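Reconstructed Cβ throughout: ideal geometry from the backbone, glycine too, with neighbour counts over all protein chains shown. Just so it is clear, none of the values below were taken in a lab; they were calculated from the coordinates.
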Amino acid sequence: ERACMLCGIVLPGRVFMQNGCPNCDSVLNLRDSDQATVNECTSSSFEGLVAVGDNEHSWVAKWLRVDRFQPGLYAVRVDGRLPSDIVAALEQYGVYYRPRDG
Amino acid sequence: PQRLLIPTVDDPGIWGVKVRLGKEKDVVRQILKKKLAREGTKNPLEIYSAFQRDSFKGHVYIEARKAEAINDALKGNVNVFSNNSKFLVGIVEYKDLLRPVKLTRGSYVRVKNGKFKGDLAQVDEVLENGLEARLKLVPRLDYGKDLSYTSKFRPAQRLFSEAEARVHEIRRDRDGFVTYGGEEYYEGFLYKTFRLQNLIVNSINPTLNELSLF
Amino acid sequence: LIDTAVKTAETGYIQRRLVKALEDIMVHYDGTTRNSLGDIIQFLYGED
Amino acid sequence: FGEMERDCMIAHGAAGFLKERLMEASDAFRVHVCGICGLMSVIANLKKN
Amino acid sequence: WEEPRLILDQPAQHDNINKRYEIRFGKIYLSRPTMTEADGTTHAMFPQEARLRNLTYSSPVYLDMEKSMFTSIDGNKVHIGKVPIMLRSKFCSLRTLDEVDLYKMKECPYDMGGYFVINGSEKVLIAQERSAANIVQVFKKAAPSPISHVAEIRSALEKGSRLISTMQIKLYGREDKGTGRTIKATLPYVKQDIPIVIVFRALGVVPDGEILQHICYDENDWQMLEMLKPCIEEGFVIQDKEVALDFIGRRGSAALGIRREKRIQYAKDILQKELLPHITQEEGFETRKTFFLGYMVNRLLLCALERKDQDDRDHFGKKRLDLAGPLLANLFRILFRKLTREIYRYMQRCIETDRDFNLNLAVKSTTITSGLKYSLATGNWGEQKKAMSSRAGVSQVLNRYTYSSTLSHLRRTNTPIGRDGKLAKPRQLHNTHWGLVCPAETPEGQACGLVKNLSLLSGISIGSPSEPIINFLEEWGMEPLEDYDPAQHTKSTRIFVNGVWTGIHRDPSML
Amino acid sequence: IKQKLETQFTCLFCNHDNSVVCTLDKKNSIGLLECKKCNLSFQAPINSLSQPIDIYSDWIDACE
Amino acid sequence: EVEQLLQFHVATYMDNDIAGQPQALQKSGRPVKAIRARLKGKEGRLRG
DNA sequence: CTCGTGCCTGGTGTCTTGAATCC
DNA sequence: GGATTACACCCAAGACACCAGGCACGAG
RNA sequence: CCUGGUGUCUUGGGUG
Ligand SMILES: [Zn+2]
Ligand SMILES: [Zn+2]
Ligand SMILES: [Zn+2]
């Protein structure tokens, strides 16, 4: 299992390779990446497992800034940060990265 | 701003529940499966979220509006203590439940794995990706003396001596830099990469011996 | 055989409590019989 | 040397013998005490006196 | 086959697709004892090698397991452990051979077996004395108690033979003290004593006149009828089945808030099962339990009316000896459930990977093998983590000082009462011991009178199915329990088969 | 004489636990549940055999 | 939960026969030998 | 030569529900 | 609700578990 | 060239 650094979702790593991140892949494009890319945008190290069943009405989800995302498992803390080159590319897309590492 | 996301009286309640130690993540998982499976049916599971903090062993927290939903979420769960032990969390305690939380080149850390477990090391540098850190370490070597290692059957610490290696068993790489048995020694110190998760950066107490040396 | 084996411990307990009750009782040089607190138990040992 | 043998020596009035049996002939030990507080808290270096 | 199938379920929404994972245990096969070296080579093990090298003389056990995969959108010989073999039994490699070849295996022909070899040490199982199951015993109670007489029974099934539960019926009220002298019962998993009339009504027989027709079979006996008088009035206000069943459920150790609509349906399980389970556990047979309950109350009052002595707890006909067979089954039962839960806990992780498990990776033979070895080596009868509260001394090192001592040691019996509790009754040589245990052979000291030894011609019943006996009784005139009325049957004899009242016969002398 | 007993039951409305008091009047066969917190009251008939768990059970069914 | 557990360990360190609650156990399963149990009984410091 | 799987060693942490008399 | 339940002595017979991480070997 | 450490906790079976 790995955690997406952008949205915090927790999925089996191969999922990040097979389908991309279900919240983020419009900008992250992990589906069409190599393993080095997936491992730079997702972390094997994370803490605080959160079942979010109702994103849009959960206060827990709003605090973690996952209220606009899909129901699923999320992490309170994701270790590592997105590589500066990917942060720069996301910013070109109007996406603002707020690190989830604390 | 994060300050605009603080909880209010209009937000759902949060209950804590006691669970079997080590089974907190499993319970969070099980709650998610139950929630998703019952979505849109005539008997939805009326919880919003559930989570478990590592720092808080043996507890799961569950977000809902009615206590009955908490009982519903846990019904039949073999990892939950049957005693009617759930407890209410105050709104003013919510955000602290979700608090997410070092390492600098030139600083000291203590190694947590391998023959160097427990040894003090200087952080020399970290990988581009950000996972493993190159450490400067006083080596524990035998110069191949009994070749034809563990932390319980290792060697004493002593700076690498390249002339001893030359005599007894070695590749020169630069000024003061040798590769000996596929490890790098510069000016007598091992430089070896460790996972950051394999070093301790906090509350290190230098020993008597370390004060004498460093 | 049962009686001898059983009632030996009954009387063994009896003797233990008796000894602890009485162990500190001594005849002193004035003829009185006293315990360790100096309480008089008999003014003259055995009355004779 | 059990509890019942202790009692027999009392009955004989052999107080001196009983003391020796339970000390010199066994686990006799020397301790130092403080004359003020009565505890065994004394630190005694005998070669430095 | 006591719990023949494991069942899982997931209601696939991730197009719902209920996928029940099921595993069925089939035939058992046994192999002769085999030594497997670190090499990997195998050979038949004979006892002399086993003693010398501190091995365990044991047989590998293989169990058929079958996988099945229900899916609805809306294996082979796995090894489970080693069982120690009793020497000279039918599964020991010495049972054959014949006198010539016994000498070559270094075995002595005077050695009669009956013991196990565990880490080179010879261990013998000591027969454990216990009280019989499925029998009613009446005892009197001491003066400073509101109870004067108690009826007691421990119910245990016939298959397996294993304990289930224990039940009591207490008669309150001292001599001219205790006012209303009513009778309440004790039920498994219920916190408080419940009056008798209430449980009669709770089983489906509610008017008084039928209740008394089930207990007392003598309408003239006014002394007995006067003692049941306060029991009727203290349970008068409970006038139908539904409020009776609910009165029970409100005490039975459950949770708070299961409502009347279901708290009845929880108590109906506590009545159908756990309460007298030796009679039957299928539905629609509550006539047998109601009739049996009346018998108990009848026996209780006969002792309270001083028409029958209280039972003698030391009467040997009320006793049983657990030997090697029954003792191993109880231990094997506990360990096989432990193996079962480890399989179940392992499937829930190995199926989330959605990978076909190779079965042999989901059966850890160390659970049974270490379990049996540990208990036979120490005598601690239970799971290792629960060594206290478990019974000690069931297995002992076989005394080989002399030949006579070996014979005595293999025929020893033990009563596990203690050293706590003085008195004399379990220690005395009771009259009914004649010809069954030795009147002379008993140890000196703390065990005196509690450890006994079987007389020379004694035997122990191996066990027999009760089903052929029922068929013989009905073929020769036994009448069912639905046809029985104390007014019509004021003289016939009751017939018991293993403690359950099964019928009545009017002419017992020919039968 | 009436029996005033505290219980460890949870009030079905305010959810405060260990705050339900049971008053059983056997002379008139009238049992009374009271909440020490939100102040509600529930009345139900009792027999001679009843106990605080008997009327608290009747209160669970009176709501549902 | 953490303060009560410190109270627990300090209690069973001195007396592990507290009535009404389970005994502290070693990993072997047998109860911990507290200081109170060291002094009482036939084999303890005083009688033994 | 690289990746994956299996085995061994080290470190951290518990839980399905199941003998009798006296003061 | 616990505490009480003879004395001494001999001798034989036993010992943590599970999970995670790292290293080595084999196969592609 | 003097000093010189080998376990415990139980359980079971026995002796007077
Ligand atoms: Zn994402
Ligand atoms: Zn002082
Ligand atoms: Zn209320």
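Before moving on, here are some points about what is shown:
- Cβ neighbours within 10 Å from other chains - mean over F:43-53: 3
- Using C-alpha pairs under 8 Å with a sequence gap of at least 6, the mean separation divided by the residue count of chain F gives a relative contact order of 24 percent.
- Shielding by partners - mean other protein chain Cβ count within 10 Å, residues of A:61-68: 3
- Neighbour-count ranking [beta-carbon atoms within 10 angstrom, fewest first] of E:412, G:38: G:38, E:412
- Net charge, residue E:139 excluded, C-beta distance under 9 Å - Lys, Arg +1, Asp, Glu -1: +1
- From its DSSP helices (H runs of at least four residues, each -39,500 (n - 2.57)), the protein assembly as shown gives a residue-normalised ellipticity at 222 nm of -8000 deg cm²/dmol.
- Peptide E:246-259, shielding by other chains (average Cβ, 10 Å cutoff): 4
- With both labels modelled 7 Å from their Cα along Cα-to-Cβ, the residue E:344 to residue B:163 distance reads 7.2 nm.
- Entries in B:57/G:33; B:115/B:145; E:141/E:184; E:184/E:268; E:104/E:452 that, when Cα-Cα distance is taken, lie over 26 Å: B:57/G:33; E:104/E:452
- Loop-located GluC sites (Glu not before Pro) in chain D, at most 11 other Cβ atoms within 10 Å (DSSP): D:24
- The angle separating the long axis of helix D:3-12 from the principal Cα axis of greatest extent in chain D is about 80 degrees.
- Comparing Cα centroids, the stretch E:362-389 and the stretch E:417-432 end up 31 angstrom apart.
- Local net charge near residue F:45, Cβ-Cβ under 12 Å (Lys/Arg +1, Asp/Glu -1): -2
- Low-density loop cleavage sites - GluC sites (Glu not before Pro) in the stretch E:277-357, where at most 10 other Cβ are within 10 Å (DSSP): E:282, E:283, E:306
- For a modelled paramagnetic label at residue D:22, 7 Å from Cα along Cα-to-Cβ, the residues of the stretch C:1-44 in reach, with backbone nitrogen under 19 Å, are C:16-27, C:35-37.
- Calculated over the protein assembly as shown: convex hull of Cα atoms, volume per residue (Å³): 362
- Taking only Cα atoms of the stretch B:103-214, radius of gyration then Dmax in Å: 14.4, 41
- Counting only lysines at least 8 places from residue G:40 when in the same chain, those with an alpha carbon closer than 27 Å to its own are C:7, C:20, D:19, E:385, E:386, E:422, G:27.
- A compact globular protein would have a Cα radius of gyration near 2.2 N^0.38 Å; the ratio found for chain B is 1.57.
- Rel. contact order, % - alpha carbon contacts under 8 angstrom, at least six apart, the stretch A:57-102: 36
- Inter-part distance, the stretch B:137-156 to chain G, computed on C-alpha centroids, equals 44 Å.
- The radius of gyration of the Cα set in the stretch E:154-226, together with its Dmax, comes out at 15.4, 46 angstrom.
- Each principal axis of the Cα cloud of chain E was evaluated for its coordinate range; sorted largest first, these ranges are 81, 78, 50 Å.
- Isotropically averaged projected area of the stretch B:1-86, using the convex hull of Cα atoms (one quarter of hull area), nm²: 6.7
- Between the stretch F:9-64 and the stretch E:2-67, the Cα center-to-center distance that results, in Å: 56
- Estimated FRET transfer efficiency (residue B:209, residue B:129; beta-carbon r; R0 41 Å; 0.05): 0.75
- Neighbourhood net charge (14 Å Cβ-Cβ; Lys/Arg +1, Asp/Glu -1) for residue E:370: +3
- For the stretch E:182-318, the pair-distance distribution built from all alpha carbon pairs, in bins 10 Å wide starting at 0, is 11, 39, 34, 14, 2 percent.
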